[PDB]
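All remarks here apply to the structure that follows.
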Amino acid sequence: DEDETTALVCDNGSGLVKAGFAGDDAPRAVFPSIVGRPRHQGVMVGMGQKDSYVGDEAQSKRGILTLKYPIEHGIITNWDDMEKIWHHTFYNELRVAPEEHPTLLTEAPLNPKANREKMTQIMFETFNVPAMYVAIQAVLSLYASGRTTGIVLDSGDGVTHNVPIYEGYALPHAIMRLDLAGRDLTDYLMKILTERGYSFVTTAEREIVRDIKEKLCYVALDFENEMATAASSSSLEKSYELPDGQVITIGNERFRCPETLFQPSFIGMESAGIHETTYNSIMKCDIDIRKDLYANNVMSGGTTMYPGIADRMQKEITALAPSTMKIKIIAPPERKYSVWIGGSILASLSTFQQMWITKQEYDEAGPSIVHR
Amino acid sequence: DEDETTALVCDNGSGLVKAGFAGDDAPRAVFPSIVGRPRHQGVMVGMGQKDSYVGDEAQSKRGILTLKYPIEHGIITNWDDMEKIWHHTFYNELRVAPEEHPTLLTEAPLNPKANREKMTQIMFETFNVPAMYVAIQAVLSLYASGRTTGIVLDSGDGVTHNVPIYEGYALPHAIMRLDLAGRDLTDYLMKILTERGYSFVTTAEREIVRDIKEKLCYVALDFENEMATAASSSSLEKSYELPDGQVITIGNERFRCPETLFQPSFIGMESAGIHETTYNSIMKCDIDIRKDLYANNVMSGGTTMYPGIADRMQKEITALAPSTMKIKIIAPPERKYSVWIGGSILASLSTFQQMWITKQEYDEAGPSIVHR
Amino acid sequence: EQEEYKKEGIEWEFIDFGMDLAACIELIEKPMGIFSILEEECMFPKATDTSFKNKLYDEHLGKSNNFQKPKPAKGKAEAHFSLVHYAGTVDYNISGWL
Numbered sequence: 001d002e003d004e005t006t007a008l009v010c011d012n013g014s015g016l017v018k019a020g021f022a023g024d025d026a027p028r029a030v031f032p033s034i035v036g037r038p039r040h041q042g043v044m045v046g047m048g049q050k051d052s053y054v055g056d057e058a059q060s061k062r063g064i065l066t067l068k069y070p071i072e073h074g075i076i077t078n079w080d081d082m083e084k085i086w087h088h089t090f091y092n093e094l095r096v097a098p099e100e101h102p103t104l105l106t107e108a109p110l111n112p113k114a115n116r117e118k119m120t121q122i123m124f125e126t127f128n129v130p131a132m133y134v135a136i137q138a139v140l141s142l143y144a145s146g147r148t149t150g151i152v153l154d155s156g157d158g159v160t161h162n163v164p165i166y167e168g169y170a171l172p173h174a175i176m177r178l179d180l181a182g183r184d185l186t187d188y189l190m191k192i193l194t195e196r197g198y199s200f201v202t203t204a205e206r207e208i209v210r211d212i213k214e215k216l217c218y219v220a221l222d223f224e225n226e227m228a229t230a231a232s233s234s235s236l237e238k239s240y241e242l243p244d245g246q247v248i249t250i251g252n253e254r255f256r257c258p259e260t261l262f263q264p265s266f267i268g269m270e271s272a273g274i275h276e277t278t279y280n281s282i283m284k285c286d287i288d289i290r291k292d293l294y295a296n297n298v299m300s301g302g303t304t305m306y307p308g309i310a311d312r313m314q315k316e317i318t319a320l321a322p323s324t325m326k327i328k329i330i331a332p333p334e335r336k337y338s339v340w341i342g343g344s345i346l347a348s349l350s351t352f353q354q355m356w357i358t359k360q361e362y363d364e365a366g367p368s369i370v371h372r
Numbered sequence: 001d002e003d004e005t006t007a008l009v010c011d012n013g014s015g016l017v018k019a020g021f022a023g024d025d026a027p028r029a030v031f032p033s034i035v036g037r038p039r040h041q042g043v044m045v046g047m048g049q050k051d052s053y054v055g056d057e058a059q060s061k062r063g064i065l066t067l068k069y070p071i072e073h074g075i076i077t078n079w080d081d082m083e084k085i086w087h088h089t090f091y092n093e094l095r096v097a098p099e100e101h102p103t104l105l106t107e108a109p110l111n112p113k114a115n116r117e118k119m120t121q122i123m124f125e126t127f128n129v130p131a132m133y134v135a136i137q138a139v140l141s142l143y144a145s146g147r148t149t150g151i152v153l154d155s156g157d158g159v160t161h162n163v164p165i166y167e168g169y170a171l172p173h174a175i176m177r178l179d180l181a182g183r184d185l186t187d188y189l190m191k192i193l194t195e196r197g198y199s200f201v202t203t204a205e206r207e208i209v210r211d212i213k214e215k216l217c218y219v220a221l222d223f224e225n226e227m228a229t230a231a232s233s234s235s236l237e238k239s240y241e242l243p244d245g246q247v248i249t250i251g252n253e254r255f256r257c258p259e260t261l262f263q264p265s266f267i268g269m270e271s272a273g274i275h276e277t278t279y280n281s282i283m284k285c286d287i288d289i290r291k292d293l294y295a296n297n298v299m300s301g302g303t304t305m306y307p308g309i310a311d312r313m314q315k316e317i318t319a320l321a322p323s324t325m326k327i328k329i330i331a332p333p334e335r336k337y338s339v340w341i342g343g344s345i346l347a348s349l350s351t352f353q354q355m356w357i358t359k360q361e362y363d364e365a366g367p368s369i370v371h372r
Numbered sequence: 499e500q501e502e503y504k505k506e507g508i509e510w511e512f513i514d515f516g517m518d519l520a521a522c523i524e525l526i527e528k529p530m531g532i533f534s535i536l537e538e539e540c541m542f543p544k545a546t547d548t549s550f551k552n553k554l555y556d557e558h559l560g561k562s563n564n565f566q567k568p569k570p571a572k573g574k575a576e577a578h579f580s581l582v583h584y585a586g587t588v589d590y591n592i593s594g595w596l
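Protein chains in written order, with the entry's author numbering: chain 0, 1 to 372; chain 2, 1 to 372; chain P, 499 to 596.
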């Protein structure tokens, strides 16, 4: 129990932090990855002067603060502001003292060696956690779907990745990163919806375009004769009621937004798209392992939640793969937390105890120890 | 019937195993002589963890296993991996229980005494066969062409041999071995075909160069004015359609590949070639037997199947042999299984029963008994 | 014991008798020990008894003395791993464990 209860799992994202206790089924804490700094001197009624704001209080009060994102494209870019988000996570969100909890953290696919050593330096030397561990994100997603070999298409708020994993070892030279994700996708909907003849003028109009994207957006299979369908004008249309009455209608654009993930050309991107990239990762891997990867395309991440994403991907890679092959696109329902759940499982596991980096290992080996 | 039905014939090669029941006209089982060992831990869907793979499942799954060849140049080099190929042959390929079937096996030309005793030790002591027998390969090939004196040019996947046989006794001191065969020959075609301006890049490109060699390769007679012919560019060319559309053309190289068997110099080999070697075997034999050997050059083996091999050899040795001599190059159509068929005949024969080494002979005389 | 030799005044030095067993215990209860490897694999949605087994070996075999590969014959029924407990060698079958 000492640490059975006690292991923490913190998944640091570009848009959201997911956090909680190893053992739980889902994150106890989910909140924006921002750190707000007040543009002016003054106070809220009853509070003192605050130097900084994190998560939702930074989002809610955004009009008087300069908002900053510590993690650009999955990589920690500002370490002063990240130590601020961690502090908030332990002390306010989970309300635990960190110096008696083992902490499993996550990093990104080709996270620079030096960063994995730096967050270890900050975990052990400024938070004084007993022990910690850094798992790679795609690797926890795979594992949370039971398996050990497969290829994960991972897509969240600032990055998309393909991480081919074989008997647990993520394959460095076959990993692909595509910098277009849910953030890019909300801003494109924004324009095709203002372009539908609308105005997201106040900040209460801006924010909810993102809630339109999440609730009403679709990834149609045969996106071709779906536009064609749009035109005959079926009961395909969908009206959403705004903060007030102002019933906005979205028929068609509803799927023009996730067609951006297959066609980056919709947004002036010259890069290849999700399905081709799944494939290219795969023809960059060893030959003998390619049947395995093809029958185990595990999807994880908030942006892979658009319904019919899996069917489109299913047919997208069948028709690029040699017919002798078995294609299989696994997309679980909890996928917006796969990464986290994979960490919860792993860290609560009976056999993981012997991989925890302890302060004994650290004080004796330097940050190098956990770096592997 | 007890054993009329019941005799097994297993011909162990460097590239292929040929197996089946004495009595049949051709091998019931033909498959690669490999044993694959998985490079990583994991499973196929629905199967358990497999420690090892043999034959075609090792070839098909080669990307995740380390492939190994038990028979190097016709001689068994790894006995752990050979007992694995035998096990597979009896139990999976022929699906028989070995402990009630007499087994005729084959060995190579100057197979070390100690090996013939070792495979007997493994046949009787780990497979518990009722009785067994080891025939020499060239000797079964000859016999399958009806005769008892002749010289066999035997050529398969890893070795070429010349085994002069007189009234059944293969002549030890006149046997020649040339380590260049069909394996060497596929890799040379490979280069003269990439050198034609091509790329056998993926493993589905590699494998089929071998199917090009088998289907389209030729041994031209007057290989001299065949290159000359190539240049005037007749309708000598030949295009093969790859796994996909990619129609590859092979005009000329088509015969430059089997000209390697007469000119080893094409491949940085300093050894003499097939025809000279036929001859040298012959001027190493007794004088009085040389007219016999010359009128009975029996060919066997997968690599002697190249059309026009016999005509080239016909003229190759006429023009080296004294004119008072009769040359005669027998090359039957079933020659890729001569060896096996000779065993099927012999072992189903009415008079062979009294040469079977029985467990009675063995338990009483030690491995020495069958060694002769 | 040591109290007597202290009470009497005898001069006898000796090491804790427990110590002899610490070897076996660590192998079981310590972090990269049996249980752990056992309880980790339980987190792998697609692990096998066989999987577990290998993990057990790769990590303890040859490196650990109390750890051994079985003696499959005698009155025993199959093979997986023996341990060297104070009472003796126990041949353990890992099947269903996961």
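By construction, the Cβ of each residue, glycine as well, lies at the ideal position given by its N, Cα and C atoms.
Less than 6 Å separating the Cβ of residue i from some heavy atom of the ligand GDP?
| i | result |
| --- | --- |
| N296 (chain 2) | The model depicted lacks the ligand GDP and carries no ligand whatsoever. |
Can you check whether the C-beta of residue i is within less than 7 Å of a C-beta belonging to chain 2?
| i | result |
| --- | --- |
| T546 (chain P) | yes |
| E167 (chain 0) | yes |
Below 9 Å on C-beta distance, what does residue i contact in chain 2?
| i | result |
| --- | --- |
| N552 (chain P) | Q41, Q49 |
| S549 (chain P) | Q41, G42, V43, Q49 |
| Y143 (chain 0) | Going along chain 2, no residue has its Cβ under 9 Å from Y143 (chain 0), so there is no contact; the nearest lies around 13 Å. |
Which chain P residues are close to residue i, counting only those with a beta carbon under 7 Å from its beta carbon?
| i | result |
| --- | --- |
| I345 (chain 0) | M541 |
Using a Cβ cut-off of 7 Å, pull out every chain 2 residue sitting near residue i, in sequence order please.
| i | result |
| --- | --- |
| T148 (chain 0) | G42 |
| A331 (chain 0) | Neighbours of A331 (chain 0) on chain 2: none; closest Cβ ~18 Å, over 7 Å. |
Hey, residue i and residue j are a contact pair by Cβ (cut 8 Å); roughly how many whole angstroms apart?
| i | j | result |
| --- | --- | --- |
| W356 (chain 0) | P102 (chain 0) | 6 Å |
| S344 (chain 2) | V9 (chain 2) | 5 Å |
| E4 (chain 0) | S348 (chain 0) | 7 Å |
| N297 (chain 0) | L153 (chain 0) | 6 Å |
Are any of the Cβ atoms in chain P nearer than 7 Å to that of residue i?
| i | result |
| --- | --- |
| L349 (chain 0) | yes |
| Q360 (chain 0) | no |
Along the chain, where does the alpha helix (DSSP H) that runs through residue i open and close?
| i | result |
| --- | --- |
| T278 (chain 2) | 274 to 282 |
| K113 (chain 2) | 113 to 122 |
| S235 (chain 0) | Neither: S235 (chain 0) is in no alpha helix (DSSP H) and is coded neither H nor E. |
| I64 (chain 0) | Note, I64 (chain 0): premise wrong, no alpha helix (DSSP H); not H, not E. |
| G343 (chain 2) | 338 to 348 |
| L525 (chain P) | 517 to 527 |
| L140 (chain 2) | 137 to 144 |
| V370 (chain 2) | 368 to 371 |
Run through chain 0 and tell me which residues come within less than 7 Å of residue i, C-beta to C-beta.
| i | result |
| --- | --- |
| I64 (chain 2) | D288, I289 |
| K61 (chain 2) | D288 |
Please classify residue i as buried or exposed, where buried requires at least 16 other C-beta atoms within 10 Å of its C-beta.
| i | result |
| --- | --- |
| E195 (chain 2) | exposed |
| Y53 (chain 2) | buried |
| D81 (chain 2) | buried |
| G182 (chain 2) | buried |
| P243 (chain 0) | exposed |
| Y188 (chain 0) | buried |
| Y91 (chain 2) | exposed |
Just reading off the beta strand (DSSP E) that residue i is part of, what are its end residues?
| i | result |
| --- | --- |
| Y91 (chain 0) | Counting along the chain, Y91 (chain 0) falls outside any beta strand (DSSP E), and DSSP gives it neither H nor E. |
| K18 (chain 0) | 16 to 21 |
| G150 (chain 0) | 150 to 155 |
| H161 (chain 0) | 160 to 166 |
For residue i, return the contacting residues in chain P, with the cut-off set at a CB-CB distance below 8 Å.
| i | result |
| --- | --- |
| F352 (chain 0) | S534, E537, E538, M541 |
For a cutoff of 7 Å on Cβ pairs, would you count residue i as touching chain 0?
| i | result |
| --- | --- |
| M530 (chain P) | yes |
Give me the chain 0 residues within the contact set of residue i, using Cβ-Cβ distance strictly less than 8 Å, ordered along the chain.
| i | result |
| --- | --- |
| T103 (chain 2) | Going along chain 0, no residue has its Cβ under 8 Å from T103 (chain 2), so there is no contact; the nearest lies around 33 Å. |
List, in chain order, every chain 2 residue whose beta-carbon is nearer than 8 Å to that of residue i.
| i | result |
| --- | --- |
| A295 (chain 0) | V45 |
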